[PDB]
Ligand SMILES: Cc1sc(N)nc1-c1ccccc1
Ligand SMILES: Cc1sc(N)nc1-c1ccccc1
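Given below as structure tokens:
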């Protein structure tokens, strides 16, 4: 079999993504019913930059599949410094059945996947956050049923990993995705083109706008994220002024559908991209969304392992 | 309805007796209780590393069938990247209990007010309640009933072990004496809570600078590292002091020991020392506490 | 009697063969042995981190049914805050074995003098005995019986791999040659221990600066990095002395036509070994890396049974 990897949301076809999301719902109901890693077999969970929350969901999820996660955090020498990335991948492939990697540039993930003989999963990268969006789609389906035809709007920095993955993963599910962002902070053109092509196959659409009011109107799902990642704190820009009109606050939420829900990948900077009232309010699904990282990532691993 | 264990008096006398009985049962049959089978997760978070505390909690959770997710001090501090309240809400979706080594008590209180799973103080600035459960297990297995015994702690009477031996000790019915120099005495709120609890159990609280009188007739003698050190040398737990205790007295020390400061080679390697059994019982007593908290939450 | 594994000759020739046979059995059936079911604990302690060593031990212990408790250098170094003997006595109450990566051999000896459970040297300044068990497992599966094979090691002849290939090699009956420049030769105590063990096994010890001669007719060619991190500030040019000992295609061509090449990794390609050799048909480095898992599990099973 071809080894399957999951480095970006569109690595799954629409039918494959539906299979993974249905498995996520099954695993939420019966969390120890799938044991492909019984043994235990190993899975590498490697952090070029620590993310303690990604650590909880993957370490526990792997264990609930019967496996043993070997967790490497940024205390270790960064992968590729002491030894070529290719050499490390060949050794890892002798010890583990899958490699979960949080890293920076997408080309590093691509390189690992080209040489490893086990599935490689992007746990979080500069360009994409596909496991978060699987958990988001699971959360939306829990609350609203069929995903096809829903309207989702994302607000804030339109070129970050969540904007890119909501575009790609959302249209793969048949969701009409809107990115509301200031000029200068718009989605990468190759990601946007990929999302537009995928939307053709599912009946979805891609919209990019600077009009936050228009993006909120009629939306079923509103999403935001922090405006600035750690790498961007020294980029020289004022990263508050451009985004203030895109804050997810009660006024924005009241423009959406009466049954709209609110998502946010965490961590949240309350008072910047989202207000306490919205985050702690009845439309917020952020805590269920965080829980579903555990279930959606287990489903993905089960699915990749059985295909590889 | 969620029970937490942040200080020794969080357990009533009757509840503490239940936990210590369970600790004895688990020492005999260490994999007979599997409330975390699955595995279910337990968070084990250190704001400052304590390797001894990691071993005992991590293995204990595994022997309950669970998986400990261990976060060492290297990682960004809990509460730096998001509110402790938001962290507690997310942790409560991934794990069945939160074991936390932090500094100030108000951080523990903040986590426990929000988390919907039990929170356990692994070790803090003000209290070390899990160590005192292990100490009480050790005393019981060597002397039987705890009620009425005399325990004396020597040295820094302001630290977490002095506070927890006062509260946990009087909760078990033990007459507790802290022997300490004048600048290093128990916190007055802790001392008062121990005096009140002592009225329920028949116990008592004494604080003195007279190490000789603290040692005379003691059944259990305890010390701890002293951290500038001249004030503690008269409270050194040495052979002279131990010679004053009741026959078959036992010496405890939470470790690590600095041999030649707070305790001598002769006392620590001698026949009264129960320091190695004490260390082993961190594993059993902490497992018992988790089983008990999980059942009531 | 508690059995420890601090240096390669801690096993007799017969005992080493038992461990290597077990390593082959565990490679075939990796979860058939569960001496640590429970789980029981095993301490895995790193005075200096080695992520690649952690993976093999942590997974191997789990596949024996146990739980590895890992301590790395972010914690207070063992010995600083209490005696090593006190720490050994407490660890012995929590775990069934102690795996330790540390520096001088006296530290390992101190731990093992008091521990009531097996102590295993995961990697130290003087020896790397678990790696050589994995090397011997690899040689055996590529060449068959070990007795009488000719193995040559190239590079820094005073490092942990040279010492362990000497001791573990002659324990298996292998004729071991160390090819190294003057000033970088095996420790005399280690060389003498290997010479004495070789008399029991029919093996031999050779130390030479003639890299050509060491490669000629060799069945196994081995190298390692020329510098450990603790040596970077030692004041020596640690490149020019070792260039003649590079494991390159010209050197490999001198060996037996069926020769294999070993390297404990990570490799610095272009220094001690070239891409052509690393990636060519004689290289066994990836199987070697895998066999760390199996050989270490076999060692643990064997020590636990005897302790
Ligand atoms: C994933 C990482 S990161 C590092 N310093 N080493 C490794 C590694 C792990 C297993 C095998 C080889 C290298
Ligand atoms: C292995 C290490 S490292 C450190 N600072 N303490 C310990 C330790 C662990 C368990 C018991 C006693 C000490």
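Protein chains in written order, with our numbering: chain A, 1 to 308; chain B, 1001 to 1297; chain C, 2001 to 2307.
We put the beta carbon where it would ideally sit given N, CA and C, even for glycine.
Which residues of the segment 2019-2053 of chain C have a Cβ closer than 8 Å to any Cβ of chain A? Give them in chain order.
Cβ contacts with chain A come from 2030, 2031, 2049, 2051, 2052.
Based on Cα-Cα distance, which residue from A/103, A/130, A/126 lies nearest to residue 300 of chain A?
When each option's Cα is compared against that of residue 300 of chain A, the closest is A/130.
Can you tell me which of B/1110, B/1284, B/1072, B/1074 puts its alpha carbon nearest to the alpha carbon of residue 1087 of chain B?
Out of B/1110, B/1284, B/1072, B/1074, B/1110 has the C-alpha closest to the C-alpha of residue 1087 of chain B.
DSSP puts residue 44 of chain A in a beta bridge; with which residues?
BP columns for residue 44 of chain A point to A/70, A/99.
Starting from the C-beta of residue 2296 of chain C, find all residues in its chain whose C-beta is less than 7 Å away, skip the five residues before and the five after it, and write them out in chain order.
Correct list, in chain order: 2056, 2057, 2060, 2130.
For residue 161 of chain A and residue 1174 of chain B, what's the separation of their Cα atoms in angstroms?
Roughly 59 Å separates the two Cα atoms.
Short check: CB of residue 1210 of chain B to CB of residue 1184 of chain B, under 8 Å?
Not a contact, by the Cβ cut-off of 8 Å.
Between residue 75 of chain A and chain C, is there a C-beta pair that is closer than 8 Å?
So yes, residue 75 of chain A belongs to the interface.
If you drop the 5 nearest sequence neighbours on each side, which residues of the same chain put their C-beta closer than 6 Å to that of residue 269 of chain A?
Around residue 269 of chain A: 226.
Can you tell me which of B/1179, B/1115, B/1230, B/1033 puts its alpha carbon nearest to the alpha carbon of residue 1215 of chain B?
Ranking B/1179, B/1115, B/1230, B/1033 by Cα distance to residue 1215 of chain B puts B/1179 first.
Hey, out of B/1200, B/1097, B/1066, B/1181, whose CA is closest to residue 1232 of chain B's CA?
Cα-wise, what sits closest to residue 1232 of chain B is B/1181.
So for residue 1225 of chain B, helix, strand or coil by DSSP?
If DSSP states are grouped into helix, strand and coil, residue 1225 of chain B belongs with coil.
Give a single yes or no on whether residue 76 of chain A has its beta carbon closer than 7 Å to a heavy atom of ligand 1.
Correct: residue 76 of chain A has its Cβ closer than 7 Å to ligand 1.
In the DSSP output, what is residue 109 of chain A paired with across the bridge?
None, per the DSSP bridge assignment.
List, in order along the chain, the chain B residues whose C-beta lies closer than 9 Å to that of residue 59 of chain A?
Ordered by position in chain B, the residues that pass the 9 Å Cβ test against residue 59 of chain A are 1041, 1067, 1069.
With a CB to CB cut of under 6 Å and the five nearest residues on each side skipped, what residues in its chain are close to residue 2276 of chain C?
Taken in chain order, the residues that qualify are 2249.
Spell out whether any CB of chain B is found under 8 Å from the CB atom of residue 2093 of chain C.
By this cut-off, residue 2093 of chain C is an interface position.
Nearest chain A C-beta to residue 1089 of chain B closer than 8 Å, yes or no?
Yes, residue 1089 of chain B counts as interfacial toward chain A.
Should residue 104 of chain A be flagged as near chain B, meaning a C-beta pair shorter than 8 Å?
Residue 104 of chain A does not count as touching chain B.
Using a C-beta to C-beta distance shorter than 8 Å, which residues of chain B count as neighbours of residue 266 of chain A?
Those within 8 Å of residue 266 of chain A in chain B are 1082, 1086, 1090.
Please check if any C-beta of chain B sits within less than 8 Å of the C-beta of residue 64 of chain A.
At least one chain B Cβ lies under 8 Å of residue 64 of chain A.
Check whether the Cβ atoms of residue 2259 of chain C and residue 2252 of chain C sit closer than 8 Å, and answer yes or no.
Taking 8 Å as the Cβ cut-off, residue 2259 of chain C and residue 2252 of chain C qualify as a contacting pair.
Would residue 2201 of chain C and residue 2170 of chain C be called neighbours here (beta carbons separated by less than 8 Å)?
Yes, they are a contact pair.
What did DSSP end up calling residue 240 of chain A once you bin it into helix, strand or coil?
DSSP places residue 240 of chain A in coil when its eight states are reduced to three.
My understanding is that residue 2164 of chain C touches residue 2207 of chain C, with C-beta atoms under 8 Å, so please give their C-beta distance in whole angstroms.
Between residue 2207 of chain C and residue 2164 of chain C the Cβ distance is about 15 Å, and since that is not below 8 Å, they are no contact.
Considering only residues of the segment 1140-1218 of chain B, which uninterrupted alpha helix (DSSP H) runs meet the minimum length of 4 residues and lie entirely inside it, listed in chain order?
The segment 1140-1218 of chain B contains these whole alpha helix (DSSP H) runs: 1160-1171, 1188-1201, 1211-1215.
Quick one: does the C-beta of residue 1098 of chain B sit closer than 7 Å to a heavy atom of ligand 2?
Not so, every heavy atom of ligand 2 lies at least 7 Å from the Cβ.
Would you call the segment 2109-2128 of chain C in contact with the segment 2084-2098 of chain C, where contact means no fewer than 3 C-beta pairs closer than 8 Å?
Touching, yes.
How is residue 94 of chain A classed by DSSP in three states: helix, strand or coil?
In the structure shown, residue 94 of chain A sits in a helix (DSSP, three-state: H, G or I).
By a C-beta neighbour count over all protein chains shown, 10 Å radius and 16 as the cutoff for buried, is residue 1103 of chain B buried or exposed?
The residue is exposed, with fewer than 16 neighbouring Cβ atoms inside 10 Å.
Hey, would you say residue 123 of chain A sits closer than 8 Å to residue 52 of chain A, going by beta carbons?
Not in contact: residue 123 of chain A and residue 52 of chain A (Cβ atoms no closer than 8 Å).
Can you say whether residue 237 of chain A is buried or exposed, counting buried as having 16 or more other CB atoms within 10 angstroms of its CB?
Looking at its Cβ environment, which holds fewer than 16 other Cβ atoms inside 10 Å, residue 237 of chain A is exposed.
Looking only at C-alpha atoms, which of A/256, A/246, A/167, A/38 sits nearest to residue 2065 of chain C?
Minimum Cα distance to residue 2065 of chain C is reached at A/38.
DSSP beta-bridge partners for residue 344 of chain A?
Here chain A covers residues 1 to 308 and nothing more, so residue 344 of chain A does not appear.
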